[PDB]
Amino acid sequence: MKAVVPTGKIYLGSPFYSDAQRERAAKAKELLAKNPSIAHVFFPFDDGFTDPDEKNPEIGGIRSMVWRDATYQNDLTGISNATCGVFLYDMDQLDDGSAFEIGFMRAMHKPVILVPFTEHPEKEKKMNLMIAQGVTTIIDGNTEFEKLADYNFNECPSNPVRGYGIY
């Protein structure tokens, strides 16, 4: 089933405010860029919509409804265009925006690659059932991050989450 051309279209989900998270995304892009099976990678934070009537826009502050609708839509559009999702999922500071997108994608029957990260590998290992059962493939970000450059995104082989306590 070798692809004649790359067909993997990635929706790269991830927070992007403070460092560490911004760094993860950076390397993620690099790895995916090196992957032969990828045709396109979409990252919600690259572009950005500008609402002419919105003065002194501040991130985290009150935003115009026009900016909100267009930005939210850009993300749903990215999910729509994608064939699969890749989420740089911080296990230390759960991101509800990412979890929402994971559920939205699974509702559309799309495969979802979870790439969990933790700075406390010695602390408890537990995951919410919806995330644990919702994702179709798990790739540890702390010790297997680099396989994003080799994973066959044309078919996304499944790999159930295991080894995590579930609640």
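For clarity, a rigid core is taken as the largest C-alpha set superposing within 1.5 Å between two forms. All residue numbers are counted from 1 along the displayed sequence.
- After a core fit, the C-alpha atoms in 4 other deposited structures of this protein lie farther on average from the shown form in one of 137-145 and 115-123, namely 115-123.
- Checked against the other entries of this protein, residue 54 counts as resolved in every one of those spanning it, not missing from a third of them.
- The stretch 18-26 shows the higher mean C-alpha B-factor when 144-152 is compared against 18-26 in the entry.
- Higher mean CA temperature factor between 96-104 and 56-64: 56-64, per the PDB entry.
- You'll see in the entry that, of 134, 111, 48, 116, the Cα B factor peaks at 48.
- Split the chain's modelled residues into thirds by C-alpha temperature factor. Residue 41 is in the middle one.
- In this PDB entry, the Cα temperature factor of residue 138 sits in the middle third of its chain's modelled residues.
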